[PDB]
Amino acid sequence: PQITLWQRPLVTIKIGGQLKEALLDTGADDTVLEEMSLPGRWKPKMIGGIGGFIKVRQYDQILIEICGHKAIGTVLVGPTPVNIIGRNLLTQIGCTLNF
C-alpha cells in the first residue's frame, strides 16, 4: 500500500507465531527488535544511533512476515526503544520512497 507520514509508520509484523508492532524506518541500515527469544546461535554486533552505541545479538535467516509479505533475513535483538524494520528487510518487500 501507500503510507503517509503524518503519524508514525507503524505496522504489524509476525515473528515466532507472535504479532508485534514495528516501525518502518528508511534511516536504519538494519532491523532491531526488543528483547525476545529466537532459535539458533547468535553473533555479537555494535550499532550506533543518535545517542551512542549499544550491543545487540545478531540472528541470521529469520522468517518474519511484514504486512502479509514474507521476508527472510538478518535480525538484531537488544535494548531498543521500539521494534525497527530497516533497509535490509525493506528492500525484500520492495518498499520505495516517493515524492
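All residue numbers are counted from 1 along the displayed sequence.
Novice: Do the C-alpha atoms of 25 to 33 or of 59 to 67 have the higher average B factor in the entry?
Specialist: Between 59 to 67 and 25 to 33, it is 59 to 67.
Novice: Report the stretch with the higher mean CA temperature factor, choosing between 36 to 44 and 69 to 77 on the basis of the entry.
Specialist: Between 69 to 77 and 36 to 44, it is 36 to 44 that shows the higher mean C-alpha B-factor.
Novice: Report the third (lowest, middle or highest) to which the CA temperature factor of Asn88 belongs, ranking only the modelled residues of the same chain.
Specialist: Within its chain, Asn88 is a lowest-third residue by C-alpha B-factor, going by the deposited values.
Novice: Looking at the C-alpha B-factor of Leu5, is it in the lowest, middle or highest third of its chain?
Specialist: For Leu5, the deposited C-alpha B-factor lands in the lowest third.
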